[PDB]
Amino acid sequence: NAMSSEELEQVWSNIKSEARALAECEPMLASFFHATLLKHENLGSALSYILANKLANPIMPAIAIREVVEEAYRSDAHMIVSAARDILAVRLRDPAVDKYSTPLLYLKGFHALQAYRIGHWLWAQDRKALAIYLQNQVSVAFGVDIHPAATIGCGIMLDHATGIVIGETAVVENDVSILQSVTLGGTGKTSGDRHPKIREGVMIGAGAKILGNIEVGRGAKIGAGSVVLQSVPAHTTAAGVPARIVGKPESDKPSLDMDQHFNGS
């Protein structure tokens, strides 16, 4: 999923192109599009602006949050490549999204995703107190609770996103697609590896509950509302409460196709 700096700037230029048309057609939002997209020369400027505003609270206002976010980005440019891949993901996968700018401007799953990246960097930086603040602030604002120590790729779509929980020791690989109220949850009362490992290509239906240190193999599909307690073989479909292998997706990387069907028998 690596991205040539020229690719990133191609993505940024597509968005700034949308922004101009948006400002014109909608005067009530023209000043908004201008301040967040049109005044900026690249995706990281915009992003730090968007998140600062979303995450602001009397405890820590937008202006103080943009400083943290931008320091993170100077330290780890790849975080911006991640965001662009995420934006690319939802446009291609979500038949409801038809502009590159919408994930960036509006979609809270995308925002919670990019907010976790900051929590994550802060975590690795041993700035855990701050990372925790942000974790819960994101939980309250978007209804999405992702622990900072989680390890998540890019090209990730969190559609609708409300109610998503991802725990401390989880791993989510690239090109993964996840729907509302999905839990990548723990088990037990002790510290230790106890959260799921979601491999490349996985698609997780809405309301699915995947618990423990178990694996979902690549190109696997978890049905909406399943409760997964054992590891799922690559390129299999799992489903039910608790889930069992039910069949096999009709494409190699279900995350890219968003087909929700399954047999459950």
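The first residue of the sequence shown is number 1, and the count goes up from there.
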{"query": "Mean C-alpha B-factor comparison - 163-171 and 121-129, higher one", "finding": "121-129"}
{"query": "Third of the chain, ranked by Cα B-factor, where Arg194 sits", "finding": "middle"}
{"query": "Third of the chain, ranked by Cα B-factor, where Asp145 sits", "finding": "lowest"}
{"query": "Third of the chain's Cα B-factor distribution that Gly155 belongs to, per the entry", "finding": "lowest"}
{"query": "Where the record places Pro58 (Cα B-factor, split into thirds across the chain)", "finding": "highest"}
{"query": "Relative C-alpha B-factor of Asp98, binned into the chain's lowest, middle or highest third", "finding": "middle"}
